[PDB]
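Visitor: The structure follows.
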Amino acid sequence: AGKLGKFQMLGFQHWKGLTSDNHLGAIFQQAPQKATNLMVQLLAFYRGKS
Amino acid sequence: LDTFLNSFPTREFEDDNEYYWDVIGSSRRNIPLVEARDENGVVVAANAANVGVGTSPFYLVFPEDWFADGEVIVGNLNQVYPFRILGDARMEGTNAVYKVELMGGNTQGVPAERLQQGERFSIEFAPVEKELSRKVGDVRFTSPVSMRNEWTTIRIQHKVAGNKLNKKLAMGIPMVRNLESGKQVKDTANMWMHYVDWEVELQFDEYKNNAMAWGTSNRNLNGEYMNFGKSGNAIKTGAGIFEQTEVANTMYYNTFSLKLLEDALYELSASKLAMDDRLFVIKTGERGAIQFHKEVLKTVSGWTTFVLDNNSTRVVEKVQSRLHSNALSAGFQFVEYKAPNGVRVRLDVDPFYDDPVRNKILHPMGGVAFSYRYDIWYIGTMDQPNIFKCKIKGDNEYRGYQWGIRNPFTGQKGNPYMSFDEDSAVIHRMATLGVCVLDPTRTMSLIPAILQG
Amino acid sequence: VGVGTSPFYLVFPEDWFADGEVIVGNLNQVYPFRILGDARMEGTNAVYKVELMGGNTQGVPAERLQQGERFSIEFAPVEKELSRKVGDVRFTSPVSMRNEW
Amino acid sequence: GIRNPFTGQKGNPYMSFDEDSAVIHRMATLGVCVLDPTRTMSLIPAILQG
Amino acid sequence: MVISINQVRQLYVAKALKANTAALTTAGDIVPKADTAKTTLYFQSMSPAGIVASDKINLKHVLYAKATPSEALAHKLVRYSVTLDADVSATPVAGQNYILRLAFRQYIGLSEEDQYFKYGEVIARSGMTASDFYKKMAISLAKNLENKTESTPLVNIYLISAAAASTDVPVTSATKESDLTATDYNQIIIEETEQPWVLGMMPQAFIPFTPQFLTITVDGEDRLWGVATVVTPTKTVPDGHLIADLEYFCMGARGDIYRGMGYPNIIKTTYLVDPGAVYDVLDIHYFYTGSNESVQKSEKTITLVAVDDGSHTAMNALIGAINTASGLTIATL
Amino acid sequence: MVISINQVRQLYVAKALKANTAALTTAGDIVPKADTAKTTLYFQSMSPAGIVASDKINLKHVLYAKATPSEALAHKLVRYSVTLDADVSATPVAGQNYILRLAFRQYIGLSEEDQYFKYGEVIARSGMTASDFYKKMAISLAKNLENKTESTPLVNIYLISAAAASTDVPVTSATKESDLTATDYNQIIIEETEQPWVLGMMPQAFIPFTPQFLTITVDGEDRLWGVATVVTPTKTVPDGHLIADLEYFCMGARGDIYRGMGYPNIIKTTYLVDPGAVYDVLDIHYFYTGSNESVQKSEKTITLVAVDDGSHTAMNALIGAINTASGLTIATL
Amino acid sequence: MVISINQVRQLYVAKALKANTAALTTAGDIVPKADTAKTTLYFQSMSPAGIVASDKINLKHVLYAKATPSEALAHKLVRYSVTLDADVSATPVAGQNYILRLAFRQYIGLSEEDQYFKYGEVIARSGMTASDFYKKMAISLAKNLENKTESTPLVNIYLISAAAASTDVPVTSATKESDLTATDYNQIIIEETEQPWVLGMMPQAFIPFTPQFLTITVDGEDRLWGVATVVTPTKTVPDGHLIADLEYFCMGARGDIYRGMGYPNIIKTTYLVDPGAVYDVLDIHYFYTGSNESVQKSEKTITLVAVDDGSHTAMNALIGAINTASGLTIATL
């Protein structure tokens with residue numbers, strides 16, 4: 001229950017009973033999916049190749 | 001030192017970017033007690049009478065809600081003072097209070113000393129009726145941890161005038177070629193660059209090695225390096241084997257003993273090693289080997305029950321001389337111990353622990369302290385090298401000359417791309433390297449206290 | 001001496017160390033000194049300016065820096081961004097002996 | 001110096017400086033000719049410049 | 001830090017107590033709002049991004065509302081007083097190695113099967129006294145525990161002199177006997193240490209130990225050379241780190257759980273507590289019961305963490321406000 | 001933000017100025033350290049983790065060292081004074097749509113080819129004075145610009161009652177005609193806004209704008225109804241949000257470049273800049289030159305920051321120390 | 001004594017200081033010359049073979065110019081002090097062999113892997129006090145070490161009495177317990193010696209040592225009896241034997257690099273420095289920078305040795321001259 005390395009940031013975590021998505025986000029199990037088939041290209045009339 | 005660093009394998013990487021690994025751990029737990037309270041909520045002092053002197057209820061305070069309703073928990077005296085929870089934990093901040101009464105046939109209660117801070121508790125089971133029973137119990141979960149490591153860079157250079165291209169030597173005194181061992185050697189080569197080349201490659205391998213072994217970090221807990229290079233950028237110095245390993249399982253003794261050593265080895269073995277894998281090979285110098293002999297001897301001295309016989313021990317032996325018909329030879333050494341319950345203690349003396357150049361602190365008992373230093377580099381098996389040398393796949397080392405009109409190194413007489421107006425050359429060589437110690441807890445190290453400051 | 005990665009001067013009887021080299025006294029790898037700035041001749045005694053290179057913050061005791069301390073050469077570390085030249089190499093020569101009748 | 005990212009060269013026998021870096025240089029010349037300006041009329045606002 | 005919940009928990013910082021919903025200017029400010037009929041209760045807290053109102057507490061579905069001080073959350077550091085058992089000898093034996101073994105549990109791993117032992121050795125001489133022995137033991141212990149190469153601050157070694165049995169003097173790997181001049185030393189205290197803390201990553205944990213002595217030969221017989229008596233703790237570990245990990249967790253229920261998961265594309269939550277302050281707590285437990293068929297109780301709790309100043313002000317006022325608003329009778333700290 | 005470097009730039013915060021290396025206790029303390037010879041210069045700084053020192057400055061290789069004031073780094077918010085030109089008419093002209101177009105060049109993108117146009121409309125009636133017109137126009141501008149729906153702040157509309165030509169009566173989409181009881185309004189000020197800022201991901205930017213008017217038939221001829229003139233700004237955006245992103249960038253040179261990247265496997269850098277304060281700055285440029293063939297220079301930048309009380313007391317004592325220590329004669333702003 | 005060069009080092013002796021080039025009659029004489037504009041500096045020394053001139057010093061290319069006194073180049077002979085550690089016992093214990101062991105680190109082979117151990121032994125008797133042990137131990141050490149049998153002078157054994165406490169009485173292999181008649185002896189100091197020197201063939205070196213000890217038995221305990229502690233030195237090896245090889249090396253740049261290889265067929269060089277006098281030194285480091293593209297420096301040194309007996313009169317006068325001629329500000333010592 002201590003720091004083995006010098007920059008060891010995580011610690012052994014533990015909870016009892018009913019969990020929550022917060023419990024899972026506090027142990028790094030919830031991440032937002034990146035919509036790869038989606039991309040906004042801002043619109044303008046590009047007068048640079050003129 | 002070279003053989004030492006070759007005792008370890010290498011792992012090729014693909015970048016000079018910090019890398020991190022996952023560290024798995026253990027699960028089984030005991031929950032410490034914070035406090036106990038009477039039926040009236042009053043605190044339980046240590047010089048206090050029993051608590052549940054009937055089946056009276058009382059309160060147990062804990063630093064976390066780890067126990068469920070209807071579970072029976074036990075203290076340090078397991079099976080003697082069982083504790084059944086009388087509900088769910090009424091949290092007071094982060095502390096969790098529980099209502100509890102004594103199971104079993106206890107009718108005199110629990111003494112207060114069995115209810116003080118720090119006492120360890122655990123779950124036993126959830127006992128229930130067989131008719132009209134209601135839900136009880138719960139379960140638990142845990143999570144792992146991880147660790148990091150980084151790299152280092154080194155440079156060297158040597159400048160020589162251009163006239164050194166094919167310069168012959170008169171050999172007034174024999175010309176010498178410094179070796180890695182430190183031994184001067186006589187060489188016939190009459191040219192000066194033969195030796196310049198040798199020394200450059202030599203000093204660069206010496207650079208690389210001192211880093212892989214004695215690498216010391218300059219980084220801060222805020223994440224900042226604090227040694228700034230000539231460019232103004234920071235020098236990102238890593239840590240070496242000895243620095244990496246000496247963070248765990250290291251003792252600094254003023255006096256060595258077999259009790260000290262055998263307790264350490266056994267306590268560690270009963271905890272971590274199976275009875276069939278407690279063979280501990282120790283690396284040290286030959287001054288430590290003598291000290292091991294002296295300690296093993298006095299212990300065996302106190303073995304008064306047995307009479308040790310020169311027949312079996314052959315301490316004193318018969319040799320053929322001309323000064324006598326029965327000529328005798330006396331002398332022995334203790335090079336190994338065998339403690340109880342599977343512990344074997346052997347020695348593997350390396351001269352690296354005796355080098356008088358690297359080690360400049362001297363033991364008052366005749367030698368360099370680094371020889372009075374016992375290390376176990378591999379406590380058990382790992383299915384993996386715990387200690388290895390890191391190598392970027394392609395970006396390992398670079399070579400470059402910035403010279404004028406003639407290059408003594410390569411022996412090129414004309415320059416299509418001159419760097420300056422000077423009959424001179426300078427070789428530049430760079431390399432990148434790293435070292436990793438996954439588990440520093442799997443490296444035991446006894447060290448004399450004079451050897452730290 | 002050397003509080004806050006502060007600099008200070010190591011005097012020597014010889015110019016044996018290049019700038020950009022880490023040198024270690026008797027307590028090796030406990031107090032690493034980074035030679036910054038080539039040696040300045042004080043006659044035949046070489047004077048270097050140094051910087052402690054092991055995260056040291058408290059410095060080095062005045063007892064580790066008295067006459068006689070042995071100093072070895074560790075290596076020459078550099079940054080990976082715009083790094084300039086550091087390091088050097090060294091040579092030695094033998095001797096002879098003589099007898100008569 | 002000792003390596004060139006533009007080309008991928010990791011060591012040169014002909015080094016230019018000790019620093020670990022690299023520099024690129026490009027140079028070109030150009031020119032335009034109008035034989036007769038009087039054949040080009042331009043009606044311009046007085047704000048761009050009078 | 002992950003914890004156990006009764007299906008939900010919420011936290012709101014009372015950095016300043018106002019009297020209206022119109023005075024919530026600065027973040028952290030809070031007011032308790034209740035009907036004059038006293039049928040519901042809620043709190044208007046000023047968030048950094050504006051204002052909020054906690055869930056509504058039906059005062060007839062209130063299970064328990066208790067206030068907790070900070071002394072009750074400050075972990076009390078275990079001390080071990082160590083001495084020479086006058087039964088074997090009130091003084092050291094002039095040729096025996098006095099080894100001490102501190103066995104540690106809950107070292108890096110989580111379990112008790114994560115054991116770890118550090119030692120301290122003193123070979124004693126003829127003219128040695130108890131004072132000199134304790135001094136040398138402390139140096140041996142510090143050089144192995146209070147060093148600057150051990151990854152963890154295992155313990156804190158101290159020395160006590162009979163002249164001042166109340167004053168404890170520290171001993172580090174740097175300490176030298178010349179700094180320890182008193183000739184009347186009677187014991188060696190060995191405390192725990194506040195371990196490294198990291199908001200949401202490294203919860204406040206400890207590593208307890210037992211000083212287990214080794215045997216000496218006093219009269220041709222193996223006998224232990226000392227006793228490890230527990231004494232009343234003297235140092236504590238303030239609760240600032242606990243409240244901040246509670247806020248970090250309880251602001252993932254009414255907020256973002258992807259605290260950093262996907263780094264540039266996150267929502268940065270602005271936590272309001274100072275891990276260097278001591279807070280005094282108030283936990284109100286209550287539930288929600290529905291209509292005819294929906295009788296099951298959805299139990300809830302919300303925590304209010306105000307700051308302490310020795311006296312428990314900033315909560316006795318908060319308590320008085322909630323008491324006059326909701327009629328509840330909560331006990332002051 | 002990201003900046004252009006002359007091969008390096010280091011930043012060090014000067015929260016408190018001390019006179020010794022021993023007085024460095026708090027994480028913002030700083031000492032200018034030099035030798036009597038005036039041959040080198042360095043700064044001893046107190047970090048969240050221990051003391052640190054900056055690269056050593058060769059006082060013979062200094063290229064420039066100038067302290068900028070806080071005023072110089074505050075972006076002035078350009079503001080126009082919009083009126084109706086007395087040549088077309090000094091009063092509104094009934095039945096005409098007095099439209100007003102506000103162009104925005106650096107809208108969400110960062111190019112000048114990413115434009116955005118928001119409008120304000122007012123149709124005039126008989127008996128309409130100029131004050132009534134400006135009132136109605138400011139109101140229609142707010143409802144379209146200072147609404148609770150627009151993704152970004154765009155402008156700050158104001159009104160000026162000629163009786164008080166200084167005070168800028170503000171206006172927002174919530175403001176209603178009745179809240180404006182004056183009759184001597186003479187202009188519609190339109191000022192750019194501070195855009196939102198988050199440390200290290202959203203640089204401190206502005207959206208510049210020009211008011212474009214439209215035509216109205218006054219006596220048979222389509223004519224522009226107003227004249228937009230810029231006036232000396234009166235609201236400045238301090239540098240707190242600027243020094244802060246500077247630090248965020250220049251602290252990854254001393255330390256970690258993987259900021260928050262692998263969220264749980266990170267080095268959390270602690271920053272000392274308050275983005276709600278006002279710092280002066282002291283930038284010093286210098287270089288390192290080698291020996292006899294490495295004469296190429298390596299110019300390296302170092303800058304210092306210090307809060308401004310309004311009279312630059314912190315930085316003035318700072319450089320007064322540096323001048324007593326290094327012989328330089330930087331000017332006390 | 002091969003030294004390292006920053007592209008070259010030159011040495012010019014100064015046995016006399018003159019005002020003009022017309023006063024240079026005797027060799028060693030020297031004068032500094034510099035135009036009234038102070039743009040160049042050069043020295044005119046009278047060589048044994050006629051007048052000669054130093055290289056030219058571009059006075060705006062001077063890197064460092066510093067002097068060194070005689071007392072800063074004399075190697076101080078280090079010396080320990082050996083005694084009886086009063087902890088074990090403050091008097092010799094009868095029947096025990098006190099075998100001292102001096103370990104020598106840099107013996108013949110120019111390294112630390114080249115070790116050499118000399119010893120000294122004494123068996124203690126009942127009435128043997130500490131004074132009797134010290135002398136008998138000293139005579140024992142002298143016999144083994146003060147050997148003229150030895151190929152090298154290794155150490156000097158001296159004694160000290162509580163009466164004097166500074167006067168060190170010497171102990172050579174010739175002395176005997178009857179010559180040392182004092183009853184109050186306190187310690188055994190051990191200096192290191194000067195070794196034999198030969199310019200160009202045998203550079204000035206030293207053999208360093210530490211007086212280790214072996215174990216006596218006292219109460220069934222193996223215990224060291226002694227404590228060697230360095231003491232502030234009292235004697236120094238003067239400079240002359242070191243300057244002599246400096247110029248023997250720094251003359252082969254000015255002149256013949258074959259300082260004798262085909263003996264009959266050589267250019268014998270006349271060296272002005274007396275290797276039996278003391279000299280203060282004056283180093284001027286500078287460089288030559290070229291034109292448009294040839295900026296690569298070429299650093300150079302100009303060493304100057306002036307006999308300084310007692311007060312540093314000669315070199316001080318020399319410095320006043322160079323500072324008056326070149327406008328420099330070299331510090332006088």
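Note on naming: chains are A, B, ... as they come in the structure tokens, residues start from 1 per chain, ligands start from 1 in the order shown.
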Determine, for each residue of range 70-96 of chain C having at least one atom at most 10 Å from an atom of range 9-26 of chain D, the closest pair of atoms and their separation in Å to one decimal, counting only C-alpha atoms; order by chain and ascending number, as CSV.
Guide:
```
residue,atom,partner,partner_atom,distance
C:79,CA,D:20,CA,9.7
C:80,CA,D:20,CA,8.1
C:81,CA,D:20,CA,7.1
C:82,CA,D:20,CA,4.8
C:83,CA,D:19,CA,5.2
C:84,CA,D:19,CA,4.5
C:85,CA,D:18,CA,5.9
C:86,CA,D:18,CA,9.7
```
Visitor: As a VMD selection string, could you give me every residue of chain E near chain C (at most 12 Å apart, counting only C-alpha atoms)?
Guide: chain E and resid 148 to 149 174
Visitor: I need the residues from that last selection saved to file as a JSON list (two decimals), in the first residue's frame (with C-alpha atoms), if you can.
Guide:
```json
[["chain", "number", "residue", "atom", "x", "y", "z"],
["E", 148, "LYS", "CA", 16.39, 8.85, 0.89],
["E", 149, "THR", "CA", 16.55, 5.79, -1.39],
["E", 174, "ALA", "CA", 21.50, 11.81, 8.18]]
```
Visitor: Counting only C-alpha atoms, which residues of chain G come no farther than 10 Å from chain E, as a short mmCIF file (atom, residue, chain, number, x, y, z; two decimals) with N, CA, C and O atoms, in the first residue's frame?
Guide:
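Result went into part12.cif, see below:
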```cif
data_model
loop_
_atom_site.label_atom_id
_atom_site.label_comp_id
_atom_site.auth_asym_id
_atom_site.auth_seq_id
_atom_site.Cartn_x
_atom_site.Cartn_y
_atom_site.Cartn_z
N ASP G 87 37.44 3.68 23.44
CA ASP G 87 36.30 2.79 23.62
C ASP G 87 36.77 1.36 23.86
O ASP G 87 36.41 0.73 24.86
N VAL G 88 37.58 0.83 22.94
CA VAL G 88 38.17 -0.50 23.15
C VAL G 88 38.99 -0.50 24.43
O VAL G 88 38.72 -1.26 25.36
N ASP G 219 37.65 -8.92 25.19
CA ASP G 219 36.76 -9.64 26.08
C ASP G 219 36.09 -10.77 25.30
O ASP G 219 34.89 -10.99 25.38
N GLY G 220 36.90 -11.49 24.53
CA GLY G 220 36.36 -12.41 23.56
C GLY G 220 35.78 -11.73 22.34
O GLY G 220 35.02 -12.35 21.59
N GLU G 221 36.13 -10.47 22.12
CA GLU G 221 35.59 -9.66 21.03
C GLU G 221 36.73 -9.20 20.15
O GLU G 221 37.67 -8.56 20.63
#
```
Visitor: Report, in Å to a single decimal, how far apart CA of residue 109 in chain F and CA of residue 40 in chain A are.
Guide: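 About the pair CA of residue 40 in chain A and CA of residue 109 in chain F: they are 11.9 Å apart.
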Visitor: Could you list the residues in chain A lying within 8 Å of chain E, using only C-alpha atoms, and format the result as a ChimeraX atom specification?
Guide: /A:1-6,9-19,21-23,25-28,30-32
Visitor: Nearest residue to residue 451 in chain B out of C:29, C:6, C:15, C:59, using only C-alpha atoms?
Guide: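 Using only C-alpha atoms, the shortest distance to residue 451 in chain B belongs to C:29.
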Visitor: Please identify the helix (DSSP H, G or I) residues within range 33-258 of chain G (assignment by DSSP from backbone atoms) and present them as a PyMOL selection string.
Guide: chain G and resi 70-72+130-145+240-254
Visitor: Write the residues of the preceding selection, restricted to C-alpha atoms, as a compact mmCIF listing (two decimals), in the first residue's frame.
Guide:
```txt
# COMPACT_ATOMS: atom_id res chain seq x y z
CA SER G 70 53.57 29.89 -5.08
CA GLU G 71 51.53 28.75 -2.07
CA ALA G 72 48.67 27.60 -4.33
CA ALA G 130 50.21 4.26 25.86
CA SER G 131 53.43 6.26 25.52
CA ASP G 132 55.45 3.04 25.47
CA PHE G 133 53.14 1.55 22.85
CA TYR G 134 53.35 4.62 20.62
CA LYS G 135 57.15 4.70 20.50
CA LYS G 136 57.60 0.94 20.17
CA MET G 137 54.96 0.99 17.45
CA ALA G 138 56.79 3.93 15.86
CA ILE G 139 60.19 2.22 15.86
CA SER G 140 58.52 -0.87 14.41
CA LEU G 141 56.99 1.24 11.65
CA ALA G 142 60.25 3.09 11.00
CA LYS G 143 62.25 -0.13 10.55
CA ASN G 144 59.77 -1.47 7.99
CA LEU G 145 59.18 1.84 6.19
CA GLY G 240 60.10 24.67 -8.62
CA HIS G 241 60.15 20.95 -9.39
CA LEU G 242 56.86 21.44 -11.28
CA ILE G 243 57.37 24.68 -13.21
CA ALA G 244 60.59 23.15 -14.52
CA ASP G 245 58.69 20.45 -16.42
CA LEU G 246 55.94 22.89 -17.39
CA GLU G 247 58.44 24.88 -19.47
CA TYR G 248 60.36 21.76 -20.50
CA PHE G 249 57.08 20.90 -22.23
CA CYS G 250 56.01 24.43 -23.18
CA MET G 251 59.38 25.04 -24.85
CA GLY G 252 59.00 22.25 -27.40
CA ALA G 253 56.26 24.28 -29.03
CA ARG G 254 58.50 27.33 -29.38
```
Visitor: Which polymer residues have any atom within 6 Å of an atom of range 148-152 of chain B, counting only C-alpha atoms, with same-chain residues fewer than 4 positions away left out, as a list in words?
Guide: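 In the requested format, the answer is residues 18, 19, 20, 237, 238, 432, 433 and 434 of chain B.
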Visitor: For C-alpha atoms, I'd like the residues from the last selection saved as a PDB file, in the first residue's frame.
Guide:
```pdb
ATOM      1  CA  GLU B  18       8.741   6.605 -21.831  1.00  0.00           C
ATOM      2  CA  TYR B  19       7.150   3.191 -21.433  1.00  0.00           C
ATOM      3  CA  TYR B  20       4.939   1.895 -18.646  1.00  0.00           C
ATOM      4  CA  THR B 237      19.178  11.368 -17.098  1.00  0.00           C
ATOM      5  CA  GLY B 238      17.666   8.018 -16.173  1.00  0.00           C
ATOM      6  CA  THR B 432      21.043   6.111 -26.577  1.00  0.00           C
ATOM      7  CA  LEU B 433      20.417   3.513 -23.899  1.00  0.00           C
ATOM      8  CA  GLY B 434      18.190   2.530 -21.004  1.00  0.00           C
TER       9      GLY B 434
END
```
Visitor: Find the residues around range 14-16 of chain E up to 9 Å (only C-alpha atoms counted), leave out those fewer than 4 positions away in its own chain, and share them as a ChimeraX atom specification.
Guide: /E:26-31,45,272-273,304-307,314-315,318
Visitor: Take the residues from that selection and put them in a file with C-alpha atoms, as a compact mmCIF listing (two decimals), in the first residue's frame.
Guide:
```
# COMPACT_ATOMS: atom_id res chain seq x y z
CA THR E 26 -18.80 32.99 -5.21
CA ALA E 27 -18.37 29.29 -5.87
CA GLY E 28 -18.76 26.97 -2.91
CA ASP E 29 -21.34 29.21 -1.24
CA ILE E 30 -24.43 27.30 -0.18
CA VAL E 31 -27.79 27.75 1.53
CA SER E 45 -24.83 25.57 -3.98
CA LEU E 272 -13.55 22.80 -4.81
CA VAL E 273 -11.83 21.34 -1.73
CA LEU E 304 -21.70 18.51 3.20
CA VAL E 305 -18.04 19.22 3.92
CA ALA E 306 -17.25 22.57 5.49
CA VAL E 307 -13.93 23.81 6.84
CA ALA E 314 -18.76 26.84 9.83
CA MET E 315 -20.83 23.73 10.64
CA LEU E 318 -24.74 25.32 8.83
```
Visitor: Within 6 Å of chain B, which residues of chain C are there when counting only C-alpha atoms? Please give them as a list in words.
Guide: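 Residues passing the distance filter: residues 26, 53, 54, 55, 74, 75, 76, 77, 78, 79, 82, 86, 87 and 88 of chain C.
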Visitor: Determine the nearest neighbour of chain D from the options G:296, G:118, G:22, G:308, counting only C-alpha atoms.
Guide: G:296
Visitor: Would you pick out the contacts of residue 48 in chain C at 12 Å or less, using only C-alpha atoms, so that residues sharing its chain but fewer than 4 positions from it are not included, and give the list as a list in words?
Guide: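 Near residue 48 in chain C, the qualifying residues are residues 7, 8, 9, 10, 11, 12, 13, 14, 15, 16, 17, 18, 19, 20, 21, 22, 23, 33, 34, 35, 36, 37, 38, 39, 40, 41 and 42 of chain C.
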Visitor: Taking only C-alpha atoms into account and nothing else, which residues of chain F lie no more than 9 Å away from chain D? Please answer as a list in words.
Guide: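 Matching residues, ligands excluded from the count: residues 293, 294, 295, 296 and 298 of chain F.
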Visitor: Residues of chain B no more than 8 Å from chain G, counting only C-alpha atoms: send them over as a list in words.
Guide: residues 172, 355, 356, 357, 364, 365, 366, 420 and 421 of chain B
Visitor: Find the spatial neighbours of range 378-388 of chain B, counting only C-alpha atoms, within a cut-off of 7 Å - ignore same-chain residues fewer than 6 positions away - and output them as a short mmCIF file (atom, residue, chain, number, x, y, z; two decimals) with N, CA and C atoms, in the first residue's frame.
Guide:
```cif
data_model
loop_
_atom_site.label_atom_id
_atom_site.label_comp_id
_atom_site.auth_asym_id
_atom_site.auth_seq_id
_atom_site.Cartn_x
_atom_site.Cartn_y
_atom_site.Cartn_z
N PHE B 8 22.89 -9.90 -18.13
CA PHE B 8 21.52 -9.51 -18.38
C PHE B 8 21.23 -9.52 -19.88
N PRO B 9 19.97 -9.73 -20.27
CA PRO B 9 19.62 -9.69 -21.69
C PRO B 9 19.19 -8.30 -22.13
N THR B 10 18.95 -8.12 -23.43
CA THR B 10 18.48 -6.86 -23.97
C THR B 10 17.10 -7.03 -24.57
N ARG B 11 16.33 -5.95 -24.55
CA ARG B 11 15.02 -5.89 -25.18
C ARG B 11 15.01 -4.71 -26.14
N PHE B 280 19.24 -19.65 -2.01
CA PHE B 280 19.62 -18.26 -2.21
C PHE B 280 21.11 -18.21 -2.50
N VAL B 435 17.75 1.21 -19.06
CA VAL B 435 17.81 0.07 -18.16
C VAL B 435 16.50 -0.02 -17.40
N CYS B 436 16.07 -1.25 -17.11
CA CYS B 436 14.77 -1.50 -16.52
C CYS B 436 14.88 -2.53 -15.41
N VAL B 437 14.24 -2.25 -14.28
CA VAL B 437 14.09 -3.19 -13.18
C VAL B 437 12.61 -3.24 -12.85
N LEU B 438 11.91 -4.26 -13.35
CA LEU B 438 10.47 -4.36 -13.15
C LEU B 438 10.13 -4.43 -11.66
N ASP B 439 10.61 -5.47 -10.99
CA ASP B 439 10.35 -5.65 -9.56
C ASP B 439 11.62 -5.42 -8.77
N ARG B 442 12.33 -8.02 -5.76
CA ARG B 442 12.95 -9.31 -6.01
C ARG B 442 14.47 -9.20 -6.09
N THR B 443 15.05 -8.27 -5.34
CA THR B 443 16.50 -8.09 -5.29
C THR B 443 16.86 -7.72 -3.86
#
```
Visitor: Give me, as a PDB file with C-alpha atoms, in the first residue's frame, all polymer residues having an atom no more than 10 Å from residue 42 in chain F, counting only C-alpha atoms and skipping those fewer than 4 positions away in the same chain.
Guide:
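part.pdb written:
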```pdb
ATOM      1  CA  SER C   6      24.127  25.542  -7.342  1.00  0.00           C
ATOM      2  CA  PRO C   7      27.605  25.568  -8.914  1.00  0.00           C
TER       3      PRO C   7
ATOM      4  CA  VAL F  31      16.565  34.096  -5.576  1.00  0.00           C
ATOM      5  CA  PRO F  32      18.786  35.708  -8.231  1.00  0.00           C
ATOM      6  CA  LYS F  33      22.110  33.980  -7.614  1.00  0.00           C
ATOM      7  CA  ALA F  34      25.383  35.358  -8.942  1.00  0.00           C
ATOM      8  CA  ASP F  35      29.025  35.550  -7.913  1.00  0.00           C
ATOM      9  CA  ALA F  53      17.966  26.142 -10.435  1.00  0.00           C
ATOM     10  CA  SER F  54      17.857  27.539 -13.946  1.00  0.00           C
ATOM     11  CA  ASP F  55      20.531  27.091 -16.579  1.00  0.00           C
ATOM     12  CA  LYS F  56      23.496  29.342 -15.885  1.00  0.00           C
ATOM     13  CA  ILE F  57      23.679  32.623 -17.792  1.00  0.00           C
ATOM     14  CA  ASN F  58      27.088  33.779 -19.004  1.00  0.00           C
ATOM     15  CA  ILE F 322      19.375  40.985 -10.230  1.00  0.00           C
ATOM     16  CA  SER F 326      24.852  40.712 -11.920  1.00  0.00           C
TER      17      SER F 326
END
```
Visitor: Residues of chain B were defined as contacting chain A if any atom lay at most 6 Å from it, counting only C-alpha atoms; please report them as a list in words.
Guide: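 Here is what falls inside 6 Å: residues 66, 138, 139, 140, 141, 142, 143, 144, 145 and 147 of chain B.
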Visitor: Go ahead and compute the interatomic distance for CA of residue 134 in chain B and CA of residue 70 in chain B, in Å to one decimal.
Guide: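 Separation between CA of residue 134 in chain B and CA of residue 70 in chain B: 9.6 Å.
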Visitor: So which one's closest to residue 186 in chain G, G:97, G:301, G:91, G:232? Using only C-alpha atoms, please.
Guide: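 Among the listed residues, G:91 lies closest to residue 186 in chain G.
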